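Below is input.pdb, holding PDB, C-alpha atoms.
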```pdb
ATOM      1  CA  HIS A  60       4.690-129.293  50.869  1.00  0.00           C
ATOM      2  CA  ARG A  61       6.463-125.974  50.277  1.00  0.00           C
ATOM      3  CA  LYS A  62       4.551-122.719  50.666  1.00  0.00           C
ATOM      4  CA  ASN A  63       3.207-121.518  47.324  1.00  0.00           C
ATOM      5  CA  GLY A  64       4.457-117.927  47.107  1.00  0.00           C
ATOM      6  CA  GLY A  65       2.597-117.167  43.842  1.00  0.00           C
ATOM      7  CA  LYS A  66       4.507-114.605  41.790  1.00  0.00           C
ATOM      8  CA  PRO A  67       8.144-114.193  42.887  1.00  0.00           C
ATOM      9  CA  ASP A  68       7.800-110.405  43.191  1.00  0.00           C
ATOM     10  CA  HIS A  69       9.248-110.215  46.712  1.00  0.00           C
ATOM     11  CA  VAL A  70      11.183-113.341  47.209  1.00  0.00           C
ATOM     12  CA  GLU A  71      13.441-112.012  49.969  1.00  0.00           C
ATOM     13  CA  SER A  72      10.401-110.720  51.901  1.00  0.00           C
ATOM     14  CA  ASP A  73       8.804-114.212  51.596  1.00  0.00           C
ATOM     15  CA  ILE A  74      11.978-115.880  52.919  1.00  0.00           C
ATOM     16  CA  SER A  75      12.239-113.379  55.758  1.00  0.00           C
ATOM     17  CA  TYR A  76       8.646-113.796  56.885  1.00  0.00           C
ATOM     18  CA  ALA A  77       8.944-117.626  56.687  1.00  0.00           C
ATOM     19  CA  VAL A  78      11.918-117.855  59.039  1.00  0.00           C
ATOM     20  CA  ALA A  79      10.531-115.183  61.458  1.00  0.00           C
ATOM     21  CA  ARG A  80       7.247-117.089  61.589  1.00  0.00           C
ATOM     22  CA  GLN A  81       9.094-120.381  62.188  1.00  0.00           C
ATOM     23  CA  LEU A  82      10.964-118.766  65.055  1.00  0.00           C
ATOM     24  CA  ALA A  83       7.851-117.181  66.613  1.00  0.00           C
ATOM     25  CA  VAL A  84       5.712-120.320  66.401  1.00  0.00           C
ATOM     26  CA  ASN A  85       8.403-122.762  67.623  1.00  0.00           C
ATOM     27  CA  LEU A  86       9.266-120.472  70.535  1.00  0.00           C
ATOM     28  CA  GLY A  87       5.620-119.964  71.570  1.00  0.00           C
ATOM     29  CA  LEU A  88       5.474-116.273  70.633  1.00  0.00           C
ATOM     30  CA  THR A  89       2.077-116.210  68.942  1.00  0.00           C
ATOM     31  CA  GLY A  90      -1.271-114.620  69.602  1.00  0.00           C
ATOM     32  CA  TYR A  91      -0.077-111.069  70.063  1.00  0.00           C
ATOM     33  CA  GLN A  92      -2.596-108.307  69.662  1.00  0.00           C
ATOM     34  CA  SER A  93      -2.444-106.199  66.515  1.00  0.00           C
ATOM     35  CA  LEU A  94      -1.910-102.481  66.626  1.00  0.00           C
ATOM     36  CA  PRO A  95      -4.935-100.302  66.917  1.00  0.00           C
ATOM     37  CA  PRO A  96      -6.761 -99.824  63.586  1.00  0.00           C
ATOM     38  CA  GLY A  97      -5.439 -96.638  61.933  1.00  0.00           C
ATOM     39  CA  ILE A  98      -2.018 -97.540  63.312  1.00  0.00           C
ATOM     40  CA  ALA A  99      -1.946-101.176  62.215  1.00  0.00           C
ATOM     41  CA  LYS A 100      -0.785-101.214  58.630  1.00  0.00           C
ATOM     42  CA  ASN A 101       0.861 -97.778  58.821  1.00  0.00           C
ATOM     43  CA  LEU A 102       4.342 -98.102  60.251  1.00  0.00           C
ATOM     44  CA  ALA A 103       6.721 -96.207  58.001  1.00  0.00           C
ATOM     45  CA  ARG A 104      10.348 -97.155  57.226  1.00  0.00           C
ATOM     46  CA  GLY A 105      12.547 -94.130  57.887  1.00  0.00           C
ATOM     47  CA  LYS A 106      10.244 -92.628  60.527  1.00  0.00           C
ATOM     48  CA  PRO A 107      10.109 -93.274  64.288  1.00  0.00           C
ATOM     49  CA  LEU A 108       7.607 -95.671  65.759  1.00  0.00           C
ATOM     50  CA  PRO A 109       4.515 -93.542  66.555  1.00  0.00           C
ATOM     51  CA  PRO A 110       4.342 -92.164  70.092  1.00  0.00           C
ATOM     52  CA  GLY A 111       2.525 -94.257  72.696  1.00  0.00           C
ATOM     53  CA  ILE A 112       3.002 -97.506  70.698  1.00  0.00           C
ATOM     54  CA  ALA A 113       4.728-100.201  72.742  1.00  0.00           C
ATOM     55  CA  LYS A 114       7.842-101.963  71.407  1.00  0.00           C
ATOM     56  CA  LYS A 115       8.311-105.239  73.250  1.00  0.00           C
ATOM     57  CA  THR A 116      11.426-107.239  73.793  1.00  0.00           C
ATOM     58  CA  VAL A 117      12.270-110.119  71.584  1.00  0.00           C
ATOM     59  CA  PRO A 118      13.746-113.023  73.601  1.00  0.00           C
ATOM     60  CA  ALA A 119      17.476-113.886  73.288  1.00  0.00           C
ATOM     61  CA  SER A 120      16.580-117.252  71.831  1.00  0.00           C
ATOM     62  CA  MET A 121      15.047-115.478  68.837  1.00  0.00           C
ATOM     63  CA  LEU A 122      17.560-112.640  68.609  1.00  0.00           C
ATOM     64  CA  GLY A 123      20.261-115.247  68.159  1.00  0.00           C
ATOM     65  CA  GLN A 124      18.601-116.216  64.841  1.00  0.00           C
ATOM     66  CA  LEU A 125      17.958-112.812  63.380  1.00  0.00           C
ATOM     67  CA  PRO A 126      20.650-110.496  61.947  1.00  0.00           C
ATOM     68  CA  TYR A 127      22.371-108.169  64.328  1.00  0.00           C
ATOM     69  CA  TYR A 128      23.121-104.551  63.394  1.00  0.00           C
ATOM     70  CA  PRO A 129      24.962-102.524  65.978  1.00  0.00           C
ATOM     71  CA  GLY A 130      22.771 -99.560  66.901  1.00  0.00           C
ATOM     72  CA  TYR A 131      19.458-101.295  66.047  1.00  0.00           C
ATOM     73  CA  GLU A 132      17.266-103.871  67.778  1.00  0.00           C
ATOM     74  CA  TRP A 133      14.446-106.183  66.786  1.00  0.00           C
ATOM     75  CA  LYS A 134      11.143-105.513  68.617  1.00  0.00           C
ATOM     76  CA  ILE A 135       7.617-106.865  68.767  1.00  0.00           C
ATOM     77  CA  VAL A 136       5.204-104.082  67.666  1.00  0.00           C
ATOM     78  CA  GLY A 137       1.577-105.221  67.675  1.00  0.00           C
ATOM     79  CA  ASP A 138       1.893-108.649  66.042  1.00  0.00           C
ATOM     80  CA  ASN A 139       4.794-107.578  63.764  1.00  0.00           C
ATOM     81  CA  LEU A 140       8.532-107.976  63.907  1.00  0.00           C
ATOM     82  CA  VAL A 141      10.252-104.558  63.552  1.00  0.00           C
ATOM     83  CA  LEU A 142      13.889-103.561  63.471  1.00  0.00           C
ATOM     84  CA  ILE A 143      14.236-100.142  65.114  1.00  0.00           C
ATOM     85  CA  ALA A 144      17.193 -97.784  65.451  1.00  0.00           C
ATOM     86  CA  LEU A 145      18.199 -97.411  69.056  1.00  0.00           C
ATOM     87  CA  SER A 146      17.597 -94.009  70.543  1.00  0.00           C
ATOM     88  CA  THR A 147      15.684 -92.496  67.553  1.00  0.00           C
ATOM     89  CA  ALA A 148      13.191 -95.404  67.348  1.00  0.00           C
ATOM     90  CA  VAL A 149      13.381 -95.042  63.500  1.00  0.00           C
ATOM     91  CA  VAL A 150      11.669 -97.983  61.889  1.00  0.00           C
ATOM     92  CA  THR A 151      14.164 -99.779  59.711  1.00  0.00           C
ATOM     93  CA  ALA A 152      12.531-103.044  58.568  1.00  0.00           C
ATOM     94  CA  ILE A 153       9.120-104.405  59.084  1.00  0.00           C
ATOM     95  CA  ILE A 154       8.006-108.059  58.790  1.00  0.00           C
ATOM     96  CA  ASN A 155       4.294-108.202  59.300  1.00  0.00           C
ATOM     97  CA  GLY A 156       2.228-110.815  61.073  1.00  0.00           C
ATOM     98  CA  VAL A 157       5.094-112.811  62.583  1.00  0.00           C
ATOM     99  CA  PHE A 158       3.429-113.028  66.029  1.00  0.00           C
ATOM    100  CA  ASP A 159      -0.191-113.441  64.944  1.00  0.00           C
ATOM    101  CA  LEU A 160      -2.222-116.244  66.450  1.00  0.00           C
ATOM    102  CA  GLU A 161      -1.636-119.707  64.844  1.00  0.00           C
TER     103      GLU A 161
ATOM    104  CA  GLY B  64      29.508-103.387  56.589  1.00  0.00           C
ATOM    105  CA  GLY B  65      27.224-104.266  59.545  1.00  0.00           C
ATOM    106  CA  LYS B  66      24.592-101.714  58.552  1.00  0.00           C
ATOM    107  CA  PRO B  67      20.945-102.605  57.744  1.00  0.00           C
ATOM    108  CA  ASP B  68      20.908-101.403  54.130  1.00  0.00           C
ATOM    109  CA  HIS B  69      19.257-104.544  52.845  1.00  0.00           C
ATOM    110  CA  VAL B  70      17.743-106.372  55.810  1.00  0.00           C
ATOM    111  CA  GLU B  71      15.563-108.879  53.932  1.00  0.00           C
ATOM    112  CA  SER B  72      18.509-109.825  51.680  1.00  0.00           C
ATOM    113  CA  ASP B  73      20.636-110.404  54.850  1.00  0.00           C
ATOM    114  CA  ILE B  74      17.889-112.542  56.393  1.00  0.00           C
ATOM    115  CA  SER B  75      17.547-114.556  53.170  1.00  0.00           C
ATOM    116  CA  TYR B  76      21.263-115.146  52.898  1.00  0.00           C
ATOM    117  CA  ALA B  77      21.444-116.345  56.527  1.00  0.00           C
ATOM    118  CA  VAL B  78      18.502-118.768  56.030  1.00  0.00           C
ATOM    119  CA  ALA B  79      20.001-120.142  52.802  1.00  0.00           C
ATOM    120  CA  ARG B  80      23.537-120.347  54.181  1.00  0.00           C
ATOM    121  CA  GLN B  81      22.456-122.133  57.312  1.00  0.00           C
ATOM    122  CA  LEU B  82      20.358-124.690  55.375  1.00  0.00           C
ATOM    123  CA  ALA B  83      23.441-125.348  53.208  1.00  0.00           C
ATOM    124  CA  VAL B  84      25.905-125.591  56.141  1.00  0.00           C
ATOM    125  CA  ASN B  85      23.508-127.791  58.114  1.00  0.00           C
ATOM    126  CA  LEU B  86      23.293-130.265  55.200  1.00  0.00           C
ATOM    127  CA  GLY B  87      27.057-130.115  54.491  1.00  0.00           C
ATOM    128  CA  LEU B  88      26.229-128.576  51.062  1.00  0.00           C
ATOM    129  CA  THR B  89      29.396-126.513  50.748  1.00  0.00           C
ATOM    130  CA  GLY B  90      32.572-126.222  48.589  1.00  0.00           C
ATOM    131  CA  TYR B  91      30.795-125.468  45.357  1.00  0.00           C
ATOM    132  CA  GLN B  92      33.038-123.295  43.150  1.00  0.00           C
ATOM    133  CA  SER B  93      32.035-119.729  42.482  1.00  0.00           C
ATOM    134  CA  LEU B  94      31.650-118.678  38.878  1.00  0.00           C
ATOM    135  CA  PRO B  95      34.917-117.403  37.408  1.00  0.00           C
ATOM    136  CA  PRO B  96      34.889-113.614  36.692  1.00  0.00           C
ATOM    137  CA  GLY B  97      34.147-113.834  32.943  1.00  0.00           C
ATOM    138  CA  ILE B  98      31.029-115.900  33.522  1.00  0.00           C
ATOM    139  CA  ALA B  99      30.006-114.258  36.833  1.00  0.00           C
ATOM    140  CA  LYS B 100      29.346-110.922  35.078  1.00  0.00           C
ATOM    141  CA  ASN B 101      26.569-112.701  33.108  1.00  0.00           C
ATOM    142  CA  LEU B 102      24.644-114.027  36.069  1.00  0.00           C
ATOM    143  CA  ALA B 103      22.154-111.190  36.726  1.00  0.00           C
ATOM    144  CA  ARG B 104      18.508-110.664  37.705  1.00  0.00           C
ATOM    145  CA  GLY B 105      16.493-110.441  34.515  1.00  0.00           C
ATOM    146  CA  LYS B 106      19.105-112.104  32.262  1.00  0.00           C
ATOM    147  CA  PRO B 107      19.005-115.619  30.945  1.00  0.00           C
ATOM    148  CA  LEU B 108      21.397-117.941  32.575  1.00  0.00           C
ATOM    149  CA  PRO B 109      24.344-118.231  30.172  1.00  0.00           C
ATOM    150  CA  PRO B 110      24.400-121.636  28.454  1.00  0.00           C
ATOM    151  CA  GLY B 111      27.602-123.636  29.144  1.00  0.00           C
ATOM    152  CA  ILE B 112      27.039-123.215  32.857  1.00  0.00           C
ATOM    153  CA  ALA B 113      26.250-126.143  35.120  1.00  0.00           C
ATOM    154  CA  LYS B 114      22.941-125.563  37.012  1.00  0.00           C
ATOM    155  CA  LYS B 115      22.990-128.005  39.859  1.00  0.00           C
ATOM    156  CA  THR B 116      19.939-129.407  41.634  1.00  0.00           C
ATOM    157  CA  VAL B 117      19.189-128.116  45.103  1.00  0.00           C
ATOM    158  CA  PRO B 118      18.900-131.254  47.296  1.00  0.00           C
ATOM    159  CA  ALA B 119      15.289-132.110  48.344  1.00  0.00           C
ATOM    160  CA  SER B 120      16.124-131.670  51.995  1.00  0.00           C
ATOM    161  CA  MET B 121      16.933-128.043  51.398  1.00  0.00           C
ATOM    162  CA  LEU B 122      14.531-127.251  48.560  1.00  0.00           C
ATOM    163  CA  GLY B 123      11.722-128.386  50.829  1.00  0.00           C
ATOM    164  CA  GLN B 124      12.468-125.353  53.017  1.00  0.00           C
ATOM    165  CA  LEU B 125      12.510-122.762  50.297  1.00  0.00           C
ATOM    166  CA  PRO B 126       9.433-120.959  48.918  1.00  0.00           C
ATOM    167  CA  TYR B 127       7.780-122.380  45.833  1.00  0.00           C
ATOM    168  CA  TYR B 128       6.800-120.203  42.886  1.00  0.00           C
ATOM    169  CA  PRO B 129       4.904-121.970  40.095  1.00  0.00           C
ATOM    170  CA  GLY B 130       6.825-121.818  36.830  1.00  0.00           C
ATOM    171  CA  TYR B 131      10.181-121.120  38.553  1.00  0.00           C
ATOM    172  CA  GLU B 132      12.687-123.227  40.433  1.00  0.00           C
ATOM    173  CA  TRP B 133      15.764-122.834  42.561  1.00  0.00           C
ATOM    174  CA  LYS B 134      19.083-124.080  41.244  1.00  0.00           C
ATOM    175  CA  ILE B 135      22.663-124.003  42.377  1.00  0.00           C
ATOM    176  CA  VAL B 136      24.672-121.800  40.025  1.00  0.00           C
ATOM    177  CA  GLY B 137      28.315-121.534  40.936  1.00  0.00           C
ATOM    178  CA  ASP B 138      28.068-121.101  44.717  1.00  0.00           C
ATOM    179  CA  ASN B 139      24.839-119.090  44.516  1.00  0.00           C
ATOM    180  CA  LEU B 140      21.255-120.059  45.142  1.00  0.00           C
ATOM    181  CA  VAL B 141      19.293-118.819  42.146  1.00  0.00           C
ATOM    182  CA  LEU B 142      15.609-118.751  41.261  1.00  0.00           C
ATOM    183  CA  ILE B 143      15.133-119.261  37.539  1.00  0.00           C
ATOM    184  CA  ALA B 144      12.006-118.982  35.314  1.00  0.00           C
ATOM    185  CA  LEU B 145      11.662-122.408  33.849  1.00  0.00           C
ATOM    186  CA  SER B 146      10.162-121.373  30.460  1.00  0.00           C
ATOM    187  CA  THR B 147      12.711-118.695  29.697  1.00  0.00           C
ATOM    188  CA  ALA B 148      15.835-119.511  31.888  1.00  0.00           C
ATOM    189  CA  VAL B 149      15.544-115.914  33.165  1.00  0.00           C
ATOM    190  CA  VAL B 150      17.276-115.338  36.483  1.00  0.00           C
ATOM    191  CA  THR B 151      14.617-114.051  38.872  1.00  0.00           C
ATOM    192  CA  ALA B 152      16.412-113.908  42.259  1.00  0.00           C
ATOM    193  CA  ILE B 153      19.956-114.527  43.392  1.00  0.00           C
ATOM    194  CA  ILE B 154      21.243-115.297  46.810  1.00  0.00           C
ATOM    195  CA  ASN B 155      24.995-114.890  46.663  1.00  0.00           C
ATOM    196  CA  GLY B 156      27.621-117.195  48.056  1.00  0.00           C
ATOM    197  CA  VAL B 157      25.259-119.605  49.802  1.00  0.00           C
ATOM    198  CA  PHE B 158      27.248-122.746  48.927  1.00  0.00           C
ATOM    199  CA  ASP B 159      30.742-121.373  49.339  1.00  0.00           C
ATOM    200  CA  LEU B 160      33.516-123.404  51.257  1.00  0.00           C
TER     201      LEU B 160
END
```

Kindly transcribe the structure held in the file into structure tokens.
Amino acid sequence: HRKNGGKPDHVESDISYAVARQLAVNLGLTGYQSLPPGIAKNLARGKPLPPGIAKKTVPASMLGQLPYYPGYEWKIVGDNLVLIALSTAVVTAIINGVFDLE
Amino acid sequence: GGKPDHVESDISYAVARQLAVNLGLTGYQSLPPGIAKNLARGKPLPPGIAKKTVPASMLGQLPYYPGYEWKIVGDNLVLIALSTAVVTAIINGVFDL
């Protein structure tokens, strides 16, 4: 059936997670390790990715299916999908859990 | 244009638009201007307006929220509260030409 989203209080976030998770799973990009505890749930939109935290490359197959904004790039951060401004590493959108184990 | 001011809205439009294009669900007419101004988050759908059914093949790919359902309104994909006809989310221009 369809995924029961409960209350429609963040419908666009639900849609965004669902397609990112479909991409990750169907491309074999699951099982990524989460960020260290203390860092994990604490990325902040409008601030740079914390120092010493890896941002890994998202494959072209997946980047073809996510929106493209000149001057920004989608990255894997822990098990999350994160759009980051090039150069400043300013976190711009965060979709959590996309690359978690299945 | 081309800036990430509303990234989740852009993702949601792309998902909806692609489902529609992939099913050939296109060439619905937008609402004319004097009706369009009354389609708004939190307002009841104006009566008079056709609400069309989203085809199973597509609706099966959209989130489900108990007590609400997706309809086609003009060329928009719209989540509506069933008990009140209150417009709860709008994805604009999904079913355009």

In the coordinates of the file, take the point (5.7, -118.9, 69.9) and a cut-off of 12 Å; then, counting all atoms listed in the file, name each qualifying protein, DNA or RNA residue as an NGL selection string. :A and (79-91 or 117-118 or 120-121 or 138 or 157-161)

Can you write just those residues out, C-alpha atoms, as a PDB file, in the coordinates of the input?
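Dumped everything to selection-v6.pdb:
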```pdb
ATOM      1  CA  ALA A  79      10.531-115.183  61.458  1.00  0.00           C
ATOM      2  CA  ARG A  80       7.247-117.089  61.589  1.00  0.00           C
ATOM      3  CA  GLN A  81       9.094-120.381  62.188  1.00  0.00           C
ATOM      4  CA  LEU A  82      10.964-118.766  65.055  1.00  0.00           C
ATOM      5  CA  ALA A  83       7.851-117.181  66.613  1.00  0.00           C
ATOM      6  CA  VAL A  84       5.712-120.320  66.401  1.00  0.00           C
ATOM      7  CA  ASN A  85       8.403-122.762  67.623  1.00  0.00           C
ATOM      8  CA  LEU A  86       9.266-120.472  70.535  1.00  0.00           C
ATOM      9  CA  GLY A  87       5.620-119.964  71.570  1.00  0.00           C
ATOM     10  CA  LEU A  88       5.474-116.273  70.633  1.00  0.00           C
ATOM     11  CA  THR A  89       2.077-116.210  68.942  1.00  0.00           C
ATOM     12  CA  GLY A  90      -1.271-114.620  69.602  1.00  0.00           C
ATOM     13  CA  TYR A  91      -0.077-111.069  70.063  1.00  0.00           C
ATOM     14  CA  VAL A 117      12.270-110.119  71.584  1.00  0.00           C
ATOM     15  CA  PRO A 118      13.746-113.023  73.601  1.00  0.00           C
ATOM     16  CA  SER A 120      16.580-117.252  71.831  1.00  0.00           C
ATOM     17  CA  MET A 121      15.047-115.478  68.837  1.00  0.00           C
ATOM     18  CA  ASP A 138       1.893-108.649  66.042  1.00  0.00           C
ATOM     19  CA  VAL A 157       5.094-112.811  62.583  1.00  0.00           C
ATOM     20  CA  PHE A 158       3.429-113.028  66.029  1.00  0.00           C
ATOM     21  CA  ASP A 159      -0.191-113.441  64.944  1.00  0.00           C
ATOM     22  CA  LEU A 160      -2.222-116.244  66.450  1.00  0.00           C
ATOM     23  CA  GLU A 161      -1.636-119.707  64.844  1.00  0.00           C
TER      24      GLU A 161
END
```

Chain B near chain A within 12 Å: what's each residue's closest atom pair and its distance in Å to one decimal, counting all atoms listed in the file, ordered by chain then ascending residue number, as a tab-separated table?
```
residue	atom	partner	partner_atom	distance
B:64	CA	A:128	CA	9.4
B:65	CA	A:128	CA	5.6
B:66	CA	A:128	CA	5.8
B:67	CA	A:128	CA	6.4
B:68	CA	A:151	CA	8.9
B:69	CA	A:152	CA	9.0
B:70	CA	A:152	CA	6.8
B:71	CA	A:71	CA	5.5
B:72	CA	A:71	CA	5.8
B:73	CA	A:126	CA	7.1
B:74	CA	A:75	CA	5.7
B:75	CA	A:74	CA	5.7
B:76	CA	A:71	CA	8.9
B:77	CA	A:126	CA	8.0
B:78	CA	A:78	CA	7.3
B:79	CA	A:74	CA	9.1
B:81	CA	A:124	CA	10.3
B:82	CA	A:78	CA	11.5
B:119	CA	A:61	CA	10.9
B:120	CA	A:61	CA	11.3
B:121	CA	A:61	CA	10.7
B:122	CA	A:61	CA	8.3
B:123	CA	A:61	CA	5.8
B:124	CA	A:61	CA	6.6
B:125	CA	A:61	CA	6.8
B:126	CA	A:62	CA	5.5
B:127	CA	A:63	CA	4.9
B:128	CA	A:65	CA	5.3
B:129	CA	A:65	CA	6.5
B:130	CA	A:66	CA	9.1
B:131	CA	A:67	CA	8.4
B:132	CA	A:67	CA	10.4
B:133	CA	A:70	CA	11.5
B:141	CA	A:70	CA	11.0
B:142	CA	A:67	CA	8.9
B:143	CA	A:67	CA	10.2
B:144	CA	A:67	CA	9.8
B:150	CA	A:67	CA	11.2
B:151	CA	A:67	CA	7.6
B:152	CA	A:70	CA	7.2
B:153	CA	A:71	CA	9.6
B:154	CA	A:71	CA	9.0
```

Compare B:117, B:148, B:99, B:160 by their minimum atom-to-atom distance to residue 135 of chain B, counting all atoms listed in the file, and give me the closest one.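 The answer is B:117, which sits nearest to residue 135 of chain B.
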
Determine the residue set returned by the PyMOL selection byres ((chain A and resi 108) around 10) for the present structure, and present it as a PyMOL selection string. chain A and resi 101-107+109-114+136+141+143-144+147-151

List every protein, DNA or RNA residue with an atom no more than 6 Å from (13.2, -107.3, 68.8) in the file's coordinates, counting only C-alpha atoms, and format the result as number ranges by chain. A: 116-117, 132-135

Given 5 Å on each side, where is the centre and what are the edge lengths in Å to one decimal of the axis-aligned box enclosing the listed atoms of segment 122-137 of chain B, as AutoDock Vina command-line options?
```
--center_x 16.6 --center_y -124.3 --center_z 44.9 --size_x 33.4 --size_y 18.2 --size_z 26.2
```

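Atom pair atom CA of residue 113 of chain B / atom CA of residue 158 of chain B has a distance of 14.3 Å (rounded to one decimal).
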
Between atom CA of residue 159 of chain B and atom CA of residue 90 of chain B, what is the distance in Å, rounded to a tenth?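 Answer for the atom CA of residue 159 of chain B to atom CA of residue 90 of chain B separation: 5.2 Å.
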
I need the residue set behind the PyMOL selection byres ((chain B and resi 139) around 6) for this file; please write it as a ChimeraX atom specification. /B:135-138,140,154-157

Tell me, in Å to one decimal, how far atom CA of residue 102 of chain B is from atom CA of residue 80 of chain B.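 Rounded to one decimal, the two atoms are 19.2 Å apart.
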
Given the file above and the PyMOL selection byres ((chain B and resi 115) around 6), which residues are selected, and can you give them as a list in words?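 Matching residues under the PyMOL selection byres ((chain B and resi 115) around 6) are residues 114, 116, 134 and 135 of chain B.
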
What's the 9 Å shell around residue 98 of chain B, counting all atoms listed in the file, without same-chain residues fewer than 4 positions away, as an MDAnalysis selection string? chainID B and resid 94 102 109 112

Nearest candidate to residue 145 of chain B (options B:84, B:96, B:91, B:107; using only C-alpha atoms):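 Checking each of B:84, B:96, B:91, B:107 against residue 145 of chain B, counting only C-alpha atoms, the winner is B:107.
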